[PDB]
There are 6 protein chains.
Amino acid sequence: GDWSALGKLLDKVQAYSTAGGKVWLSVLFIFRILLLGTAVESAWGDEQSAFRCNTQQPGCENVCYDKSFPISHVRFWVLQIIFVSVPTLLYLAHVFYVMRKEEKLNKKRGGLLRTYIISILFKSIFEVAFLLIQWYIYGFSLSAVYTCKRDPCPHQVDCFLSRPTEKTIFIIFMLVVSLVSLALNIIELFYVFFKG
Amino acid sequence: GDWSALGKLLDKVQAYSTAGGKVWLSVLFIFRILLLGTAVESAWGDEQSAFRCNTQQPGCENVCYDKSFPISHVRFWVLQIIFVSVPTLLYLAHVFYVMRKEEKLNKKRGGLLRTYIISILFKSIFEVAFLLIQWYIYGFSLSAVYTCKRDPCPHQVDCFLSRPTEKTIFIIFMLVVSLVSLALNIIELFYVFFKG
Amino acid sequence: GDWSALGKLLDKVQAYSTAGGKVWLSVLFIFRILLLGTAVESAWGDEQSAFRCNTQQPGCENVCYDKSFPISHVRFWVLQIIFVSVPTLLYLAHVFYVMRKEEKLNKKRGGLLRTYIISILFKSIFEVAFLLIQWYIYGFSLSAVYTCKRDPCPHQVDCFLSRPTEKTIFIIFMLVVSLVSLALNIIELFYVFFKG
Amino acid sequence: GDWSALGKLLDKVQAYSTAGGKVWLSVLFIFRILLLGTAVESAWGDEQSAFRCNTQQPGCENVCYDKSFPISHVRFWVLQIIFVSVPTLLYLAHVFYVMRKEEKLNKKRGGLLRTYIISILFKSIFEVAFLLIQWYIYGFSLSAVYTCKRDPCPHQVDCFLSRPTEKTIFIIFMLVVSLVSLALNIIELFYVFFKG
Amino acid sequence: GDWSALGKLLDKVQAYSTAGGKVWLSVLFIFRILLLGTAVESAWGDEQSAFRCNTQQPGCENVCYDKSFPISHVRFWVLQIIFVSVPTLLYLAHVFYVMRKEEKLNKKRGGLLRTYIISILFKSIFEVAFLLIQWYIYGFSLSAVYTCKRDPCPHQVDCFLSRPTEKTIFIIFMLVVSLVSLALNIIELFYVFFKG
Amino acid sequence: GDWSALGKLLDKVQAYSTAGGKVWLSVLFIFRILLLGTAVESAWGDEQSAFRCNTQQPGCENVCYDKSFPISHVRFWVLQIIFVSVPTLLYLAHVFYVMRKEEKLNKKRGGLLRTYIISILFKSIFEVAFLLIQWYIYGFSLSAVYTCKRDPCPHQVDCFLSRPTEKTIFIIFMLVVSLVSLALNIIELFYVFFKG
């Protein structure tokens with residue numbers, strides 16, 4: 001019978017947001033987490049043990065793999081999804097302490113407002129900033145044959161990837177769900193801008 | 001003593017459905033999840049480490065495996081079962097907020113109806129759409145010997161799969177349970193169409 | 001203090017059964033689950049990585065293993081134990097909804113009877129049907145040397161299994177516990193037949 | 001506040017036992033489970049991948065390993081500890097149903113006695129029966145070099161085990177704790193025999 | 001309804017701290033734990049199985065790897081994060097016992113103050129001490145080629161690392177979050193110094 | 001609201017102990033468990049797969065490894081930490097039964113005293129006994145090159161260990177925390193000796 005303490009808190013945090021934004025944001029988060037957590041991380045299991053190159057020089061594989069993948073995609077998306085959800089839990093833990101400060105007082109405009117919109121700006125700024133770095137570094141497709149020109153390897157070598165087609169589909173999926181989570185925060189911003 | 005809050009919610013969501021549909025839908029979901037979760041994912045463990053080909057050209061195995069399996073079946077069925085259950089949890093989280101909006105009012109026809117049938121349509125549309133893509137891409141059987149004609153391999157090579165017979169039975173099982181989940185949603189649609 | 005809602009449900013489901021059947025069925029289920037879950041699945045770990053054959057033809061091992069094991073025993077027993085316990089949870093979820101339908105009425109013979117005996121028939125029919133297929137396909141012992149006559153292998157090859165003696169004991173154990181679970185359902189059927 | 005239902009049940013089951021037997025039996029069970037569950041099962045990890053033999057005949061290792069270990073010790077002790085604790089949970093689930101049968105009556109000598117002593121006999125009979133089979137099959141020590149005389153191997157081969165010294169200490173530990181659990185049940189039997 | 005016992009304890013422990021320090025310390029802890037727990041420990045999986053050296057002398061790899069990595073970074077950061085959070089849980093368990101000692105009394109300045117500031121000093125001293133050792137031992141970057149001059153290897157050998165670029169980014173991240181956790185404890189110290 | 005039953009039990013068990021011993025014993029236990037459970041057991045993962053020796057005789061590695069490590073350190077410390085915490089949980093389960101025996105009486109000096117000090121003696125005796133065996137068997141450092149003189153190997157062989165430097169630091173850490181847990185039990189003994 002002690003679960004009525006949460007119905008205050010979840011209603012107080014969403015006090016300025018529309019009804020069509022609360023459910024759509026919540027479902028895409030669980031969707032993102034499950035798709036990241038059961039399907040795609042097994043695809044990136046043998047990312048180094050299956051990477052083979054066409055040479056005899058010892059150590060050529062270690063450097064020609066490292067030039068191709070300065071970071072993996074599954075560790076990139078975790079770094080993305082943590083930075084995206086930091087400001088929401090910040091706002092959540094802040095509102096709890098503010099409610100605790102006023103709860104102590106009554107028995108024994110613009111205060112929380114600006115903090116909300118600033119967090120909604122920062123969530124979208126981080127999202128578009130992570131999209132730009134992925135556009136700059138990797139691209140949005142993966143070829144099957146890579147050409148490597150590092151040391152200690154000789155002149156030019158060919159290396160063959162591991163599942164170049166299965167990774168492309170999840171690349172496009174994580175592009176699309178990130179674009180939708182950006183586009184919906186834009187609408188949530190314009191809904192609270194146009195009230196007054 | 002705080003479990004009576006769920007007896008409202010589970011009764012309010014199924015308010016238009018028949019009694020013979022609630023138990024049959026619920027059992028097949030748990031059946032699907034357990035069969036996906038303990039039996040078949042261990043069969044697809046060594047899907048690449050056991051794939052062998054009859055050649056000496058380095059990198060021929062990596063491309064001749066990738067042409068055969070543009071996506072695996074166990075990652076395909078997870079993508080299927082998430083898209084199938086997205087609209088039900090959407091409807092569930094929507095009804096909670098609508099009940100919260102009216103719960104605040106009384107102490108201090110066609111509204112939810114159309115949203116129900118639209119979700120039941122979308123669940124079946126997604127199911128038949130995923131069946132058609134599986135019919136187009138793979139088939140419904142797996143031979144033991146594959147013939148591969150890609151580059152950098154020479155003219156034509158033979159590759160031998162891993163467990164071609166054990167995968168066929170689970171292919172047919174996931175065909176049958178998907179067909180039954182389609183066929184039962186059809187009856188649930190026709191039951192609510194023919195009232196008026 | 002909200003656990004008295006389960007004492008109604010567990011008493012209502014077993015209303016026609018004897019006292020000596022409820023405890024014996026419940027203990028063998030937990031016994032089956034634990035013996036399947038901690039002991040025997042580690043024996044079947046290296047079922048393919050330890051399978052070796054006496055040839056040089058590439059791909060001969062992949063087909064000569066697949067002919068010997070069209071399905072594994074641990075995936076067979078999971079498919080058995082799910083099909084065995086489907087009708088009991090079906091009856092359980094049905095009785096909950098029937099109790100919910102009559103619980104709403106009083107404040108604001110043969111109904112459940114036939115459904116019980118039909119489920120008890122189906123549980124035994126599935127059990128004897130799975131025993132017959134195992135008797136037809138595999139046998140009840142495993143030799144140490146298999147002789148294989150498939151393609152692309154030449155005339156006849158010898159393959160050596162992995163732990164032929166440790167699997168036989170668990171084969172006999174899963175035979176015995178299945179026979180006891182069959183034989184006890186027979187007595188539960190004859191106890192309710194001979195009342196009237 | 002619903003935890004007072006267990007204080008009836010744990011007091012009713014131990015109604016004939018001494019105070020110095022309840023704590024000593026309970027501690028050795030947890031000790032057995034933890035020592036089986038975190039320490040010794042990692043020692044038996046590479047029991048087949050580290051087993052090497054001094055021959056070139058293919059398949060000689062598979063049969064010469066199987067003759068040496070018709071069952072492993074960690075799967076033997078699980079089969080032991082399940083059979084040991086079956087009668088206690090049988091008695092426990094029986095007493096619950098008997099209490100439920102009499103709980104329904106009062107508001108709206110020798111009965112449980114014999115069942116107790118019979119279970120205490122069976123627990124010790126199973127314990128000494130499992131000790132005798134281990135004494136007959138394996139011994140109580142493991143040498144480092146095994147000599148194997150099976151087919152298809154030639155005349156006599158030498159095989160070298162994996163950790164022959166680390167397994168001996170846990171063999172002696174599981175001997176000692178089993179002997180103590182036998183010896184204490186003997187005292188619990190003689191304590192209830194000599195009352196009258 | 002028994003969760004009001006924690007609202008006393010979490011308010012009593014933070015009685016001298018500012019409001020802008022409680023949320024920022026709490027978020028960085030969860031951030032540190034998750035980034036340590038799901039992303040970076042998979043990068044350090046194949047730290048020895050992928051380490052290759054350009055020699056034929058047996059055992060040269062074992063010593064030339066060990067000279068390069070006297071401890072790994074992921075085991076270093078766990079040793080850091082335990083020593084950092086020891087004094088906070090010490091203070092927490094101390095305040096519970098002091099509250100229990102005074103709770104027994106009333107029905108049937110500088111006491112806790114000094115213990116707080118001493119713990120806040122020790123947390124920062126440990127943090128800067130761990131930063132100095134990492135600055136002394138390793139550096140803050142990792143080259144791709146190491147030169148090794150130990151025994152039993154001959155004159156000088158070259159060894160090639162595993163992912164020299166992916167580790168550098170997490171090195172810089174764990175530098176930055178540690179520097180921020182140091183810099184914020186400095187402000188928390190100066191806030192309580194300048195009151196009086 | 002049923003958590004007040006534990007505040008009796010945790011206060012009754014520590015009735016003779018000082019306030020500065022309860023928190024320090026409790027923190028070192030959690031410290032020991034976590035350091036054993038997440039950091040050091042991954043270091044001892046490849047303890048046999050990375051052990052290499054400089055010979056061609058088959059089976060020489062299996063015996064020359066076994067002579068060097070008659071037991072591993074991580075299995076030694078688990079055997080230590082179970083034997084250390086057996087008497088405390090024995091005393092804990094004993095006090096519960098004694099409280100249950102007197103709880104039944106009142107509504108419908110030296111008793112527990114000696115049992116406390118005897119357990120505190122046994123905890124320290126076991127601790128110093130395990131330190132002496134580790135001092136006798138292994139030492140407190142690990143060299144990088146081992147010299148082995150067993151059969152079936154020839155005259156003398158060299159074997160190279162796996163991480164000789166990373167294990168030494170955790171050896172010294174588990175020495176230090178064990179010495180502190182000994183030294184603090186000595187003070188707890190002298191505190192209760194000198195009362196009277």
# chains A, B, ... in the order shown; residues from 1 in each chain; ligands from 1
>>> interface_residues(of="chain E", to="chain A", cutoff="10 Å", atoms="only C-alpha atoms", output="JSON, numbers by chain")
{"E": [1, 2, 3, 4, 7, 11, 19, 20, 22, 23, 24, 26, 27, 28, 31, 34, 35, 38, 39, 40, 42, 43, 46, 50, 51, 52, 53, 54, 55, 144, 145, 158, 159, 160, 161, 162, 163, 164, 165, 166, 167, 168, 169]}
>>> select_by_dssp(residues="segment 136-194 of chain C", states="strand (DSSP E or B)", output="ChimeraX atom specification")
/C:145-148,157-160
>>> write_last_selection(atoms="C-alpha atoms", output="PDB file, in the first residue's frame")
ATOM      1  CA  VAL C 145      31.638 -46.249 -33.361  1.00  0.00           C
ATOM      2  CA  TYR C 146      29.270 -45.067 -36.091  1.00  0.00           C
ATOM      3  CA  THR C 147      29.470 -46.096 -39.747  1.00  0.00           C
ATOM      4  CA  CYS C 148      28.491 -43.416 -42.255  1.00  0.00           C
ATOM      5  CA  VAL C 157      33.665 -44.054 -43.083  1.00  0.00           C
ATOM      6  CA  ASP C 158      34.014 -44.509 -39.333  1.00  0.00           C
ATOM      7  CA  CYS C 159      33.209 -41.757 -36.862  1.00  0.00           C
ATOM      8  CA  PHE C 160      33.813 -41.773 -33.121  1.00  0.00           C
TER       9      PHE C 160
END
>>> select_by_dssp(residues="segment 20-139 of chain E", states="alpha helix (DSSP H)", output="PyMOL selection string")
chain E and resi 20-34+40-43+60-68+73-103+113-137
>>> atom_distance(atom1="atom CA of residue 171 of chain F", atom2="atom CA of residue 127 of chain F")
15.6 Å
>>> closest_residue(among="F:29, F:122, F:44, F:96", to="residue 170 of chain F", atoms="only C-alpha atoms")
F:44
